[PDB]
Ligand SMILES: C=CC(=O)Nc1ccc(Oc2nc(Nc3cc(C)[nH]n3)cc(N3CCN(C)CC3)n2)cc1
């Protein structure tokens with residue numbers, strides 16, 4: 001019964017999803033308004049997001065319980081990261097900015113890890129970007145760990161698998177993993193121990209990190225806090241003699 005607000009207090013301005021809007025709350029604060037079909041399940045369907053609070057996670061500000069439904073949240077300047085990587089900023093990005101982006105989210109997930117939650121669909125489409133290349137965790141077998149796609153063993157260690165796949169999206173400016181292979185072909189070949197090669201111009205030492213997130217044994221995959229610290233320290237500890245190339 002807390003968080004609750006009057007419906008007059010939030011003006012919805014521009015559509016985004018299919019719904020989700022940009023607006024204003026108390027005629028001041030800029031906000032993202034995740035509507036509800038009244039519904040659609042609908043009051044099922046929030047407390048999940050009220051239980052979690054962190055800088056690299058997206059924030060719930062307030063709600064409307066009785067129908068029709070409304071949820072208000074932090075607005076992210078630059079939209080979802082998959083669109084940002086392929087589109088105009090795609091061609092200008094480089095390793096230094098790409099590894100910082102990757103570090104920030106590793107932070108988000110190290111909160112979720114510490115809090116004993118599990119996200120279950122970490123990937124570029126579900127990260128949001130803001131001003132100053134700020135990125136945050138928000139709200140498909142190719143991204144999904146084996147245990148999870150097959151047998152439903154979703155854990156924090158299935159999220160880190162998905163992370164390493166997200167590392168490949170950063171490195172190809174947002175290409176779908178496993179170029180030219182459909183989901184059934186991925187599933188069987190990955191069971192063989194196949195794992196994507198080193199992308200062009202991406203240094204071998206980062207490809208190793210990718211390969212460590214993708215181990216066939218969940219336990220052996222590293223923590224998010226290891227993952228954060230490693231990407232934080234990259235250009236001093238790992239590739240001190242890095243040199244700008246044509247894409248990276
Ligand atoms: C049904 C939609 C869904 O599950 N997720 C979703 C929601 C929105 C979305 O697009 C989007 N969310 C935004 N900000 C948000 C969203 C939230 C929840 N906080 N801040 C901003 C945005 N832009 C796209 C193009 N830009 C030039 C203007 C801004 N798009 C893309 C995917």
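The numbers here are math on the coordinates, done by the rules we state, and not lab data. When we count neighbours, we look across all protein chains shown, and the Cβ atoms used for this are built from the backbone with ideal geometry, even at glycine.
Before moving on, here are some points about what is shown:
- Alpha-carbon centroids, segment 129-156 and segment 2-25: separation in whole Å: 27
- Computed E for residue 246/residue 120 - FRET, C-beta separation, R0 35 angstrom, nearest 0.05: 0.45
- Tail fraction, Cα-Cα pairs, segment 89-248, threshold 27 Å, whole percent: 19
- Each label was represented as a point 7 Å from its Cα along the Cα-to-Cβ direction; for residue 194 and residue 155 these points are 2.7 nm apart.
- Annotation for residue 2 and residue 235: the two label points, set 7 Å from Cα along the Cα-Cβ direction, are 4.2 nm apart.
- Segment 72-128: proportion of alpha-carbon pairs further apart than 17 angstrom, %: 47
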